[PDB]
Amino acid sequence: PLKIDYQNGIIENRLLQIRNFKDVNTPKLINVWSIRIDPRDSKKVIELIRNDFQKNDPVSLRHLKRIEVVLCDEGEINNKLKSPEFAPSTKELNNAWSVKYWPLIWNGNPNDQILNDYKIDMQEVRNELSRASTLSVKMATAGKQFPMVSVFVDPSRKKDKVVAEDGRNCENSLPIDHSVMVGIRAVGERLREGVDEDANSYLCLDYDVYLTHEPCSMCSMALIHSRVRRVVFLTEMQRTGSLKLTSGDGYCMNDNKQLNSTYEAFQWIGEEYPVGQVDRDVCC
């Protein structure tokens, strides 16, 4: 469906994929929970360890050349009664890691499969971004000193999108009352009220969030705790931003292997949706 520039990770000339490259060079290992057998057993075990061990493991071990074989104690040997947490980016890195820790299946840059699997509604993206931006300029025009917006869309798209202005414009505000935080609290209070939320509503799980400004370290991590699916932002904050590799200290909080959790992140790199000028030292 979508025009993808695999060279630069730009979708439809407008959405710039945000992720980390420094950290994709190093390997984050595991121990070998192995199994030793002879080839006749191999074909029978690879069936068993195929259907469950792939279908059930929370880790994704599909980049491992499993043949000297490892399924993934009780449930393990009951079924067995019948008889790099992460892929590398270069072929060179694949061969080296193959010999260093375990043979791996090389299938090109794994980021190519990521870009391809990105399910994106280009018009929805444009809409929400248009909305956040129009509010942003209104706020600035009104004299408001923190013209930042966050818009929280829920997974179904059936609930009312939550629109959250930065709180530092308000009377009794703290420096930490940023728009992502406000919108998170709003979603929470909507769950708490319980009028428009199922008993399978949880946090901001699989919400998409649209920001005028790249979020600070608190906000980035805040969206990690809220288990959002996607963030799309407009203005990079080199001094304070916590998503882009070149922003801040390169936290790249959406894409940090040391946390158990990630979300997809994009910047809009067109000029369609101008926003309120913010001081560059501002966190958010």
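In this text, residue numbers run from 1 along the sequence as written.
Unmodelled stretch separating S83 from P84: 10 or more residues (count of deposited-sequence residues without coordinates). Gap between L259 and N260: none; every deposited residue in this span has coordinates. Between 239-247 and 25-33, the higher mean Cα B-factor belongs to 25-33. Between 88-96 and 169-177, it is 88-96 that carries the larger average Cα temperature factor according to the deposited entry. Out of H63, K43, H225, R229, the entry records its largest CA B-factor for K43. Note on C252, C216, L234, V59: the highest value goes to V59, judged by CA B factor as recorded.
Ranked by Cα temperature factor within the chain, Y118 sits in the middle third according to the deposited record.
Per-chain ranking of the deposited C-alpha B factor places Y101 in the highest third.
Sorting the modelled residues of the chain by their CA temperature factor places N78 in the highest third. Ranked within its chain, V209 lands in the lowest third, by CA B factor from the PDB record. Among the modelled residues of its chain, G108 has a C-alpha B-factor that falls in the middle third, as given in the PDB entry.
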